[PDB]
> 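Structure incoming, see below.
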Amino acid sequence: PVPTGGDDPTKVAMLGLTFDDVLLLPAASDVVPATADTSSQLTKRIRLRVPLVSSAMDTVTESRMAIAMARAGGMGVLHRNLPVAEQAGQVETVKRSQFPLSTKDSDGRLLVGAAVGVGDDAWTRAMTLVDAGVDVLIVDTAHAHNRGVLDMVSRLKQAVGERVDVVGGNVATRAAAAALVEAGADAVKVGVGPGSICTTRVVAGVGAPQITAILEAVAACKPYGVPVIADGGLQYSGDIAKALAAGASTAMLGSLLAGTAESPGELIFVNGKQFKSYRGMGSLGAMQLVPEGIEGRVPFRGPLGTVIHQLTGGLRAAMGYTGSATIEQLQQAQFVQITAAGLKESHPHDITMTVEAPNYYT
Amino acid sequence: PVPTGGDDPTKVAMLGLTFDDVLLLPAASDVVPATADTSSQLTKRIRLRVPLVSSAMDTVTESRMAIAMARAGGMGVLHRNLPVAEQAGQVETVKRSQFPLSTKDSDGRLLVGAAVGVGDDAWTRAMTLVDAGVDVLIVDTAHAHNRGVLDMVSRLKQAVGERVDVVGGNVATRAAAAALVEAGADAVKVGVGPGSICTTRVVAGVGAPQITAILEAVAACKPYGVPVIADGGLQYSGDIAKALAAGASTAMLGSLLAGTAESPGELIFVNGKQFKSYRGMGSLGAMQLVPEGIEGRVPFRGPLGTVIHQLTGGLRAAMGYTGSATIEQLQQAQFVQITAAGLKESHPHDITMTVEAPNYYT
Amino acid sequence: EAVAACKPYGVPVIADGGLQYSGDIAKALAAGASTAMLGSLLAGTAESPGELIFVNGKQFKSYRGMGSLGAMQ
Amino acid sequence: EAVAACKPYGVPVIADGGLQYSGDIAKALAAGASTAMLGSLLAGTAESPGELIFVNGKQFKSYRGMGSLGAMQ
Ligand SMILES: NC(=O)c1ccc[n+]([C@@H]2O[C@H](COP(=O)([O-])OP(=O)(O)OC[C@H]3O[C@@H](n4cnc5c(N)ncnc54)[C@H](O)[C@@H]3O)[C@@H](O)[C@H]2O)c1
Ligand SMILES: *c1nc2c(ncn2[C@@H]2O[C@H](COP(=O)(O)O)[C@@H](O)[C@H]2O)c(=O)[nH]1
Ligand SMILES: *c1nc2c(ncn2[C@@H]2O[C@H](COP(=O)(O)O)[C@@H](O)[C@H]2O)c(=O)[nH]1
Ligand SMILES: *c1nc2c(ncn2[C@@H]2O[C@H](COP(=O)(O)O)[C@@H](O)[C@H]2O)c(=O)[nH]1
Ligand SMILES: *c1nc2c(ncn2[C@@H]2O[C@H](COP(=O)(O)O)[C@@H](O)[C@H]2O)c(=O)[nH]1
Ligand SMILES: [K+]
Ligand SMILES: [K+]
């Protein structure tokens with residue numbers, strides 16, 4: 001019999017690795033961290049100076065956050081939890097608005113992104129957003145291997161292909177990424193359940209660990225040149241370095257940017273400290289059922305520029321350790337799989353911390 | 001495909017083991033622990049009676065610590081966070097100064113070592129230290145597979161290779177150790193991340209578990225007779241025994257020696273208990289940016305001699321268990337891999353310890 | 001293992017014990033089981049036997065195994 | 001003193017504040033008072049306004065003065 005039970009060797013397909021299961025192996029390096037080139041292709045036509053994209057969530061990205069992310073070298077994606085006219089107004093506000101790395105189009109204006117669903121109402125929203133000058137559309141769905149999501153992606157590529165870039169929803173397998181690539185998507189977003197606010201892997205018991213999912217999606221997408229975006233489950237800059245090394249071209253950040261000042265919402269004072277609200281788009285409050293997210297609060301951090309600077313410094317240090325001149329070389333790095341004891345050895349241990357580092361906290 | 005994902009069987013190169021994942025197997029023994037010989041090679045020409053070295057940290061080793069370590073049978077390495085004239089003065093102070101195991105040169109003077117960086121200013125500091133009477137130069141870096149570190153090691157060995165011994169920076173792979181040996185290093189230090197105060201494996205996500213790294217480095221250094229020093233991650237004398245059995249010849253100690261009276265710094269009182277500062281060299285305060293260390297405090301221990309005696313007693317017990325007359329015989333002991341339950345069983349369990357033992361802390 | 005022997009004869013398999021979430025039910029059904037039997041998930045409902053218990057202002061209900069000392073007496 | 005002022009004219013005196021036991025009420029009535037006004041002795045009953053506070057397995061209720069900062073705001 002099969003060692004794990006039954007007579008079917010393909011019942012348990014594979015062992016899945018996540019960010020905490022692997023470490024990057026140092027290699028022969030001739031690269032100073034300051035000279036590392038952290039530019040990467042977000043889509044087949046858009047290249048960012050910093051490969052970080054803000055999450056399309058109602059407590060993460062709005063006009064201010066989108067403008068700040070575009071100025072810092074990345075991009076912001078406005079959420080679709082607003083009326084269509086309001087979303088178009090936010091797109092116009094971003095496009096209408098020191099920062100040498102800022103992302104700009106052929107007209108010299110900042111780049112913005114918008115998220116739409118699936119359906120005729122979503123089609124009207126997408127048409128309104130495209131008419132307002134949006135550059136990239138995201139078909140933001142929880143299960144992108146559904147036939148409706150693929151049909152919507154094909155429709156958008158057929159209609160507004162010459163003017164915008166269409167990014168498919170979340171996938172976690174090789175077959176889903178291949179289907180999205182065949183459907184005509186310009187970029188594939190990866191991750192089902194690893195988000196810090198998600199309960200999908202608990203409520204439905206469905207998902208896949210992020211590192212293995214990224215590897216599978218890259219094996220499905222790289223021959224066609226389609227970029228891969230790692231979405232959800234990133235907590236440190238080492239996580240971003242690992243996600244890029246596993247094959248992803250861009251990383252989408254949630255809770256790391258929710259505690260910044262540019263994020264929408266009011267500051268909450270609790271017990272002499274500061275926080276702000278963070279919740280999933282599938283949470284009960286956001287969808288007003290069977291929710292697949294939770295509501296919570298993250299500690300307050302400050303300006304987005306400092307956070308992006310620290311994350312980029314960590315990524316530059318990783319590139320220096322691996323000897324990667326560009327991201328295209330960082331994607332050829334190798335991993336070492338570690339156990340739980342190795343995981344606790346990686347973090348600071350046997351020490352009582354008396355002052356916090358800019359890039360680390362418990 | 002690969003069970004962890006993708007089509008490349010070499011993406012996840014190996015499975016790394018740390019000190020907590022293995023145990024030493026007992027063997028036929030004719031060795032009394034009190035009759036074991038713990039002498040081991042530091043470099044190709046320097047043999048220590050106690051195979052322990054002190055870390056080059058601004059909270060661990062200064063003149064007093066170097067003198068105490070040399071008297072106890074080991075050696076000290078002065079940190080390079082000091083002005084060049086000040087470090088040369090510390091070297092002269094150590095050389096200017098019951099202890100049957102004390103390590104001394106051919107002129108009856110206590111041995112000492114000093115850490116240098118990479119660069120032309122580092123060259124000036126190294127030449128000053130050599131002219132001031134240092135016994136070994138440690139090219140102290142974080143990534144020794146960089147071209148600059150190898151060039152610096154080659155230059156030092158070409159200039160003052162007949163007067164001093166050159167020890168290369170920290171490596172974590174077989175290729176890096178082979179490159180350091182080819183460059184002309186007298187000894188190779190191993191460990192990138194295991195440090196109790198380090199955050200390199202979190203900020204950059206780069207490293208390797210210590211046991212696998214030591215085995216890989218020994219696989220490249222032993223055929224050429226180059227000693228290997230295990231640096232970082234050691235919390236018990238059993239860890240020292242495991243590191244020696246993996247192939248290392250000496251173990252450099254950090255936090256284990258940072259709480260003794262001979263370590264630089266002042267006593268601190270918190271709720272009737274004694275602590276003292278311990279911070280990483282890549283921490284924010286130490287480099288005064290993207291730090292790769294933290295600042296904290298460790299409980300006060302006392303005289304260095306008692307700590308060294310306890311560690312050597314544990315090592316002698318391990319040598320007696322494995323039937324190793326010498327460290328060279330300990331370097332051929334076998335390992336058994338354990339699970340998390342095995343690690344829980346190795347420590348005291350289902351007990352409420354009421355009095356602290358000299359060699360174990362809960 | 002049980003489904004590997006029960007499926008050829010058309011005998012259904014019931015997964016009993018250890019289920020704490022709906023994802024666990026989905027995993028049990030996907031492994032070959034046809035139904036799931038629930039314990040503590042339904043022990044705190046209003047329809048289960050037993051009086052309510054109040055601890056620190058919150059509501060609880062008693063739950064014990066049939067092999068427990070009290071239940072086997 | 002108040003009773004010395006009020007008794008000849010037949011005006012009753014109400015003792016208000018500081019009572020913690022029934023003996024205190026008896027002492028106040030013996031001193032010349034006619035009735036007693038109770039504070040903390042009735043602030044912990046069910047009929048008193050407020051919500052039960054649960055701490056360390058014991059029940060409390062909130063009690064504050066009208067001159068307190070949180071009651072004058
Ligand atoms: N052993 C470790 O894992 C580790 C990690 C961080 C810091 N440290 C300690 O902190 C101090 C300073 O460390 P440092 O090495 O950054 O000193 P440093 O800034 O003086 O660097 C010296 C040389 O190391 C190499 N180097 C270091 N980090 C590199 C990277 N990320 N990518 C490429 N090359 C790199 C370069 O050749 C550089 O010129 C030392 O005392 C060191 O032991 C150690
Ligand atoms: C699960 N996942 C959810 C929900 N809303 C958004 N998301 C996903 O999480 C990502 C961010 O996760 P972090 O780990 O916090 O960075 C988002 O980009 C989105 O893909 C939800 O309700 N449940
Ligand atoms: C990471 N590692 C660092 C830093 N400064 C020094 N080190 C290394 O750690 C060792 C200490 O190990 P312990 O586990 O504390 O015994 C040192 O000897 C050195 O090699 C730093 O900032 N980050
Ligand atoms: C062990 N198992 C016992 C006992 N009484 C009943 N059971 C089993 O547990 C199931 C419920 O498990 P939950 O995880 O609580 O859902 C029951 O259906 C029964 O099969 C006992 O004393 N010991
Ligand atoms: C002082 N006295 C205050 C305040 N609010 C009310 N009072 C007086 O105290 C009586 C309560 O006495 P207990 O000892 O609690 O029985 C009240 O009846 C009232 O006369 C205040 O803020 N400061
Ligand atoms: K560490
Ligand atoms: K034990």
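Chain identifiers are assigned alphabetically (A, B, ...) following the order of the sequence lines, protein sequences preceding nucleic acid strands; residue numbering begins at 1 within each chain. Just so you know, ligand 1 is whichever comes first in the structure, and atom 1 is the first atom listed for that ligand.
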> Any nitrogen or oxygen of D:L19, side chain or backbone, less than 3.5 Å from one on ligand 5?
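Such a contact does not occur with ligand 5.
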> Show, in sequence, the C-alpha distance, side-chain angles and deciding distance for B:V190 and B:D231, and conclude whether the side chain to side chain contact (heavy atoms under 4.5 Å, CB included) test is met.
CA-CA 6 Å; B:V190 173; B:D231 177 16; over 6 Å; no
> Which of the numbered atoms in ligand 4 are below 4.0 angstrom from a heavy atom of C:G67?
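Ligand 4 atoms under the 4.0 Å threshold to C:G67: 21 (C), 22 (O).
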> Determine, for B:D58 against B:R80, whether the closest basic-nitrogen to carboxylate-oxygen distance falls under 4.0 angstrom.
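Between B:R80 and B:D58 there is no salt bridge, as every charged N stays at least 4.0 Å from the carboxylate O atoms.
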> With heavy atoms under 4.0 Å as the rule, classify the contact between C:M37 and ligand 4 as side chain, backbone, both or neither.
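Near ligand 4, C:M37 shows its side chain, while the N, CA, C and O stay back.
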> Quick one: does atom 9 (O) of ligand 5 have a protein heavy atom under 4.0 Å from it?
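No, because not a single protein heavy atom sits under 4.0 Å from atom 9 (O) of ligand 5.
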> Looking at atom 23 (N) of ligand 5, tell me if a protein heavy atom falls under 4.0 Å from it.
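When distances to the protein are checked, atom 23 (N) of ligand 5 has no heavy atom within 4.0 Å.
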> What is the nearest protein non-hydrogen atom to atom 6 (C) of ligand 5, stated with its residue, atom name and distance?
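Of the protein heavy atoms, D:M66 N, 4.2 Å lies nearest.
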> If you scan the protein for heavy atoms around atom 15 (O) of ligand 5, do you find one that is closer than 4.0 Å?
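Yes.
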> Give me the nearest non-hydrogen protein atom to atom 18 (O) of ligand 5 as residue plus atom name, then the distance to 0.1 Å.
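Here the closest protein heavy atom is D:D16 OD1, 2.8 Å.
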> Give the atoms of ligand 5, by number and element, whose distance to some non-hydrogen atom of D:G18 is under 4.0 Å.
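Taking each heavy atom of D:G18 in turn, ligand 5 has 14 (O) under 4.0 Å.
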> Is the shortest distance from a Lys or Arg side-chain nitrogen in D:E51 or D:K61 to a carboxylate oxygen in the other one below 4.0 Å?
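D:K61 and D:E51: not salt-bridged.
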> Vertex the K ion (ligand 6): angle to O of A:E345 and O of B:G195, to 10°?
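If I round to 10°, I get 120°.
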> Looking at C:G17, which atoms of ligand 4 are within less than 4.0 Å of one of its heavy atoms?
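Taking each heavy atom of C:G17 in turn, ligand 4 has 12 (O), 14 (O) under 4.0 Å.
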> Is the shortest distance from atom 1 (C) of ligand 5 to a protein heavy atom below 4.0 Å?
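No, there is none.
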> Do A:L17 and B:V12 make a side-chain contact, defined as non-hydrogen atoms from C-beta onward lying under 4.5 Å apart?
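Yes, side chains in contact.
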> Please write down residue, atom name and distance for the protein heavy atom closest to atom 13 (P) of ligand 5.
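That would be D:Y63 OH, 3.7 Å.
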> Please note down the angle at the K ion (ligand 6) between O of B:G193 and O of A:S346, to the nearest 10°.
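Approximately 100° at the metal, rounded to tens of degrees.
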> Can you name the closest pair of heavy atoms from B:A142 and A:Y321 and give their distance?
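Minimum heavy-atom separation between B:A142 and A:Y321: CB-OH, 3.3 Å.
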> Compute the ring centroids of B:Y236 and B:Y361, then answer whether they are less than 6.0 Å apart.
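Yes - the distance between ring centres of B:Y236 and B:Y361 falls below the 6.0 Å cut-off.
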> Given 3.5 Å as the limit, does a donor-acceptor pair link the side chain of C:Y63 with the main chain of C:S40, or not?
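Such a contact is found between C:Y63 side chain and C:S40 backbone.
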> What closest approach, in Å, do B:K189 and B:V167 show between heavy atoms, and which atom pair accounts for it?
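Shortest heavy-atom contact: CG-CG1, 3.7 Å.
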> Please name the pair of heavy atoms, one in B:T61 and one in B:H79, separated by the smallest distance, quoted to 0.1 Å.
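That closest heavy-atom pairing would be O-CD2, 3.1 Å.
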> Answer yes or no: does an N/O atom from D:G39 fall short of 3.5 Å to an N/O atom of ligand 5?
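Min N/O separation from ligand 5 is below 3.5 Å for D:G39.
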> Return the CZ to OG distance between B:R301 and B:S263, rounded to the nearest 0.5 Å.
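Rounded to the nearest 0.5 Å, the CZ-OG separation comes out at 12.0 Å.
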